[PDB]
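Participant: The structure is given below, and queries will be raised subsequently.
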Amino acid sequence: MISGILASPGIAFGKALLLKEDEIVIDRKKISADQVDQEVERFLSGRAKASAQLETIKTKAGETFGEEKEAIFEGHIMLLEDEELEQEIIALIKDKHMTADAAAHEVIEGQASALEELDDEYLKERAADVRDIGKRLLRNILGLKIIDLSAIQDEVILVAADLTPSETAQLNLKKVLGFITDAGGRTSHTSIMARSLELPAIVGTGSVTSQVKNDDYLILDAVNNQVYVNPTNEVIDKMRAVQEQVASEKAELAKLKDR
């Protein structure tokens with residue numbers, strides 16, 4: 001009975017791939033002028049790695065979708081390499097004795113909310129895309145593990161509350177049979193993927209991410225705008241026939257030539 005917004009029509013079968021992430025905890029402890037020099041190395045050297053990582057994804061966005069998305073990712077790297085935001089973050093660590101994670105979050109707190117004050121679809125979405133840049137940097141400063149979604153081996157369904165352009169830019173379209181998230185759907189980047197790839201998809205799942213586990217067996221109908229959770233074999237066999245009966249009914253159109 002989960003009715004979404006239906007992004008593309010079609011039927012697919014696959015296990016539920018839930019993406020779980022550990023929340024990041026920021027330490028608000030004040031350091032002494034003795035550890036300050038160390039935070040600069042983790043931030044300066046940290047950007048050295050994040051710059052190399054984001055730089056690689058940039059080409060993945062242009063080689064996967066085309067030079068049209070490379071311009072959006074090209075601007076993001078410019079922000080991180082902004083010599084202005086760098087002098088500020090450093091000033092907060094030495095002027096406010098803040099940690100690299102804490103000082104970095106402060107600047108990112110206003111860079112995102114500021115873009116939200118603009119009434120533009122690009123500058124607004126830039127607000128959400130900018131928050132993703134600081135979130136990554138935070139995981140590199142603490143050395144948190146990164147989830148490699150491009151390392152899948154079994155074709156399954158992708159389920160997530162939402163995916164950010166970067167993650168979508170590196171996602172593997174050959175191992176994913178469809179996308180099902182809890183996004184509004186209007187300006188959802190995922191939806192735009194479904195239209196260009198025409199693959200079946202849904203976004204108005206509401207809270208399916210709070211009622212499904214990984215490996216759950218789900219059937220995407222994308223026809224009557226409905227998803228089945230833990231269906232009985234009797235139902236499966238019933239859908240495997242009709243569903244495939246559609247593909248055969250389509251090939252039957254090729255028979256309207258013999259008529």
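Residue numbering restarts at 1 for every chain of the structure tokens, chains are lettered A, B, ... in their displayed order, and ligands are numbered from 1 as they appear.
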Using the chain letters and numbers from this document, which residues of stretch 29-223 of chain A does DSSP assign to helix (DSSP H, G or I), as a VMD selection string?
Facilitator: chain A and resid 33 to 64 67 to 80 83 to 95 100 to 116 121 to 141 149 to 151 165 to 170 189 to 197 208 to 210
Participant: Would you give me, as JSON lines, each residue of stretch 43-129 of chain A having an atom within 12 Å of an atom of stretch 189-192 of chain A, along with its shortest atom pair and that distance in Å to one decimal, using only C-alpha atoms and sorting by chain and residue number?
Facilitator:
```
{"residue": "A:65", "atom": "CA", "partner": "A:192", "partner_atom": "CA", "distance": 11.1}
{"residue": "A:69", "atom": "CA", "partner": "A:189", "partner_atom": "CA", "distance": 11.5}
{"residue": "A:121", "atom": "CA", "partner": "A:189", "partner_atom": "CA", "distance": 12.0}
{"residue": "A:122", "atom": "CA", "partner": "A:189", "partner_atom": "CA", "distance": 11.9}
{"residue": "A:125", "atom": "CA", "partner": "A:189", "partner_atom": "CA", "distance": 9.5}
{"residue": "A:126", "atom": "CA", "partner": "A:189", "partner_atom": "CA", "distance": 12.0}
{"residue": "A:128", "atom": "CA", "partner": "A:189", "partner_atom": "CA", "distance": 11.2}
{"residue": "A:129", "atom": "CA", "partner": "A:189", "partner_atom": "CA", "distance": 10.7}
```
Participant: Please save N, CA, C and O atoms of the selected residues as a compact mmCIF listing (two decimals), in the first residue's frame.
Facilitator:
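For reference, selection37.txt as written:
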```
# COMPACT_ATOMS: atom_id res chain seq x y z
N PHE A 65 27.66 10.76 -17.24
CA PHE A 65 26.46 11.52 -17.71
C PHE A 65 26.79 12.51 -18.83
O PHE A 65 25.94 12.86 -19.62
N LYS A 69 27.23 17.59 -16.46
CA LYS A 69 27.33 17.55 -14.97
C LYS A 69 28.73 17.93 -14.47
O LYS A 69 28.93 18.24 -13.31
N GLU A 121 16.79 27.56 -8.09
CA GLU A 121 16.87 26.07 -8.06
C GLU A 121 18.34 25.61 -8.07
O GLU A 121 18.68 24.59 -7.49
N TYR A 122 19.20 26.35 -8.70
CA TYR A 122 20.64 25.96 -8.73
C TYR A 122 21.32 26.33 -7.41
O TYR A 122 21.93 25.51 -6.75
N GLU A 125 19.84 24.07 -4.55
CA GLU A 125 20.40 22.70 -4.55
C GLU A 125 21.87 22.73 -4.24
O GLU A 125 22.48 21.75 -3.86
N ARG A 126 22.46 23.89 -4.41
CA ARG A 126 23.90 24.01 -4.11
C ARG A 126 24.08 23.98 -2.61
O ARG A 126 25.09 23.59 -2.07
N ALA A 128 22.41 22.07 -0.50
CA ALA A 128 22.48 20.63 -0.09
C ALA A 128 23.78 20.00 -0.60
O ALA A 128 24.41 19.20 0.08
N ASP A 129 24.20 20.35 -1.79
CA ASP A 129 25.46 19.78 -2.35
C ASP A 129 26.68 20.28 -1.57
O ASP A 129 27.69 19.60 -1.48
```
Participant: When you draw a straight line from atom CA of residue A:6 to atom CA of residue A:153, how long is it in Å?
Facilitator: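 Computing it gives 26.9 Å between the two atoms.
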Participant: Between A:193, A:33, A:26, A:180, which is the closest to residue A:139 once you count only C-alpha atoms?
Facilitator: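 Nearest candidate to residue A:139 out of A:193, A:33, A:26, A:180: A:26.
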Participant: Mind pulling up the distance from atom CA of residue A:152 to atom CA of residue A:176?
Facilitator: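 Taking atom CA of residue A:176 and atom CA of residue A:152, their separation equals 8.7 Å.
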Participant: Between atom CA of residue A:103 and atom CA of residue A:142, measure the distance and give it in Å to one decimal.
Facilitator: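 According to the coordinates, atom CA of residue A:103 and atom CA of residue A:142 are separated by 13.6 Å.
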